[PDB]
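Have a look at the structure below before the remarks.
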Amino acid sequence: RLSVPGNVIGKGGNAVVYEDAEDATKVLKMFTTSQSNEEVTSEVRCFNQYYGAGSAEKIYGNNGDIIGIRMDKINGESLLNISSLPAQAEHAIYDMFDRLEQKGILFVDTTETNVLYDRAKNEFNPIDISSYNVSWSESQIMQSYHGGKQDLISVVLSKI
Ligand SMILES: Nc1ncnc2c1ncn2[C@@H]1O[C@H](COP(=O)(O)OP(=O)(O)NP(=O)(O)O)[C@@H](O)[C@H]1O
Ligand SMILES: [Mg+2]
Ligand SMILES: [Mg+2]
Ligand SMILES: [Mg+2]
């Protein structure tokens, strides 16, 4: 088939992520479990909203089914593996939420495996981005968003 995999970077319960062997700035997130079209579309849309146009695009099979996402390789080390951070990292995690929120994103999955720390730049970058939205009452979303944001901040601050 068309997309060419490099090394496996990692995986989760939804996908295996390969380097794109044809573009060193990209990764191929290939779904191992069924995703709804809306799920994938929002994931891609959010990644582009935060990282800019052309940051993410869907990968299709020859039958027109969504089978994955080709997206920017995000720089940095997983917070899951970090056991020490500089005092400046506190300002870095704050800045990340500020940036998301300024793009209209209320980051849902605020787990330590979903952000990377770029130590040279002192930047945290989110990997998989989805947003709370009204379709969840407003008051419930705010509580749930608050909880996640403060949890992730706690993870960071405790390494300082
Ligand atoms: N755009 C990216 N750039 C660099 N690494 C990535 C990128 N996307 C995913 N990864 C890596 O691939 C691993 C797995 O990604 P992913 O499929 O999103 O599973 P997960 O979110 O960590 N676990 P799960 O909650 O079960 O889906 C991550 O831990 C990252 O290391
Ligand atoms: Mg078809
Ligand atoms: Mg740990
Ligand atoms: Mg993920």
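All ligand and atom numbering here is 1-based and tracks the order in the structure. The first residue of the sequence shown is numbered 1, and numbering continues consecutively from there.
- Every residue meeting the side-chain hydrogen bond (donor to acceptor under 3.5 Å, both in side chains) condition with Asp23, not counting sequence neighbours, appears here in chain and number order: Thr25.
- Considering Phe107, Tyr94, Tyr117 in turn, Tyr117 is the only one that fulfils the ring pair (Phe, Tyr, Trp, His ring centres under 6.0 Å) rule with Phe124.
- Between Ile67 and the options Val40, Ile59, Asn62, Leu28, a side chain to side chain contact (heavy atoms under 4.5 Å, CB included) holds for only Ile59.
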Starting from the N and O atoms of ligand 1, collect every protein N/O partner closer than 3.5 Å and put each pair on its own line with the distance to 0.1 Å.
| residue | atom | partner | partner atom | Å |
| --- | --- | --- | --- | --- |
| ligand 1 | 1 (N) | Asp72 | O | 2.8 |
| ligand 1 | 3 (N) | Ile74 | N | 3.0 |
| ligand 1 | 18 (O) | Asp128 | OD2 | 2.9 |
| ligand 1 | 26 (O) | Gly13 | N | 2.9 |

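- Sorted by first and then second residue, the side-chain hydrogen bond (donor to acceptor under 3.5 Å, both in side chains) pairs with a member in residues 102-113 form an empty list; sequence neighbours excluded.
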Under 3.5 Å, which donor-acceptor pairs link side chains of residues 73-87 to any protein atom two or more places apart or in another chain?
| residue | atom | partner | partner atom | Å |
| --- | --- | --- | --- | --- |
| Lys73 | NZ | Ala24 | O | 3.0 |
| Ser78 | OG | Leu80 | N | 3.4 |

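- At distances below 3.5 Å, at least one donor-acceptor pair connects side-chain atoms of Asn114 with backbone N or O atoms of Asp128.
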